[PDB]
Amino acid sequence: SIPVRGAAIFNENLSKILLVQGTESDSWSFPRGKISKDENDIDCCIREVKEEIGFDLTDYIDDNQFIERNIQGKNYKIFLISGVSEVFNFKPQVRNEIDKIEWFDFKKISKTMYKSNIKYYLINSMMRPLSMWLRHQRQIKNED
């Protein structure tokens, strides 16, 4: 049960989240991947997200901003990212792994969770701290 690191990526106005669908499942989830030995959490996340969506998180990632969950034996650590351009040309840099990359209206997801024909993984067990984090992001706007 090697740990997995990935990112929850929100757009400029914090209304949409970027999710990926693999080629062997119809579930939507965060871009992510297994720790490749002799590497820390941040480098793993940067490498894996770049492989899966072609975007380099180096200047965006904050080692203090993450959600951690143990799920079916595996440790997942999902870093929280805001301000990413919606019109960036996302595309995978590895073969046969990622089928689709799409922005989702985060409010709609929360409203239609276990009610749509759409399957999710990880994000459904993280809805609360995610929306708490977004709330917090608005509360601090005047601090900048």
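The numbering used is simple: start at 1 and walk along the sequence shown.
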Worksheet item: Looking at the entry, does 123-131 or 11-19 show the higher mean C-alpha B-factor?
Response: 123-131
Discussion item. Quick check: 108-116 versus 42-50, which has the larger average CA B-factor in the record?
Written reply: 108-116
Practice prompt. Would you mind finding, among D99, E86, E102, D63, the residue with the largest C-alpha temperature factor in the entry?
Written response: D63
Worksheet item: Hey, out of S27, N70, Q93, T58, whose CA B-factor is highest in the deposited coordinates?
Response: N70
Worksheet item: In terms of the CA temperature factor given in the entry, to which third of its chain does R32 belong: lowest, middle or highest?
Response: lowest
Response to the item:
In terms of its chain's C-alpha B-factors, the third that includes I140 is the middle
